[PDB]
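One chain comes next, on its own, written out as structure tokens in the form solved without the ligand.
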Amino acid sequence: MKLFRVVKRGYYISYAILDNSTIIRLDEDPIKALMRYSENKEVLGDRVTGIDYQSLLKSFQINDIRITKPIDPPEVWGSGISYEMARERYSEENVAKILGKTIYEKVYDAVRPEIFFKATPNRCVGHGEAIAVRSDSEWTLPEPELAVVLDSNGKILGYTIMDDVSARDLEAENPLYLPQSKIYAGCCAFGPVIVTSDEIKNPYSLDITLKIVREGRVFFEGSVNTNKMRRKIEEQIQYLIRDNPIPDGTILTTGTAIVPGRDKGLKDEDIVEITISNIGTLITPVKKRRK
């Protein structure tokens, strides 16, 4: 099952695609629906015709329906430095270091992984909506990541594409600026669907692709497979929930492996496109904040 959501005349409607391309309009709240499917694979609703899912993916709007965030995640959390190359996330001198070894280098090996708070729902956007670059950032990069939807016990309810938008220049100036670099209006995008757990045989065998498009131009193109992830998702979940209650429908984003260069900073009117196998392609325009 693949869940999506549209806004229509100020109200939300949720939908699900079943393997055979048939669309079901949902009776329940989409988070409730994900919890139910997790149990017995039951889906409550009616089969609809005239909802053109493929056109929604391409055009964002048809008639008076517009695709958006597939759910409102009460909380969003991130995980850091979960790939081999991620040790080198900012290799240049000026990095913070613990006795000669950099903070990122140290955390890559350490028993305890990095976990940070990413976003509240109102700070998130979806397919076809604008992500944002801070007014005081000179170097902001999108981070293509696989993300899980969780229940309150830390059980995986589904998978989706997330963009961990990061003001990389601010983080570099001082690791104490990390929350400012990560948390703001439009700092995060996800979708276009949430896929149920059975839609992915092996989460550690999916292609993640990032393209940045500037005035028709492919400004960057990069691809890494999830078989290169060295810190497993279950361990990330484990540390996130320890002494820390998370509500149903929380999203954990599992860290990036694709890092554009210092000169590949995002700017106004850019188009970020992120693809993951079996999920789809998340497309977001870019908008620079004014002082």
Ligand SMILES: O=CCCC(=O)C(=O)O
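From 1 onward, residues are counted along the sequence shown.
As for the form solved in complex with the ligand, it is not shown, yet the points below apply to it.
Counting ligand atoms within 2.4 Å of backbone or C-beta atoms, the overlay of the ligand from its pose in the deposited complex onto the shown chain yields zero, and the pocket is open. Only one of the listed residues (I81, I200, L157, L170) places a non-hydrogen atom within 4.5 angstroms of the ligand in the deposited complex, and that residue is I81. Though the ligand is absent from this view, in the deposited complex it lies within 4.5 Å of a heavy atom of just one residue from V95, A185, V213, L178, which is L178. Only one segment in the set 69-77, 123-131, 201-209, 142-150 has residues whose heavy atoms sit within 4.5 Å of the ligand in the deposited complex; it is 142-150. Using a 4.5 Å cutoff between non-hydrogen atoms, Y104 counts as a contact of the ligand in the deposited complex. Shown alone here, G255 lies within 4.5 Å of the ligand in the deposited complex, counting heavy atoms only.
The ligand in the deposited complex is approached by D164, whose closest heavy atom lies within 4.5 angstroms of it. A residue is said to contact a partner when one of its heavy atoms sits within 4.5 Å of a partner heavy atom; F116 meets this definition for the ligand in the deposited complex. Contacts between 213-243 and the ligand, taken as any heavy atom within 4.5 Å in the deposited complex, involve no residue at all.
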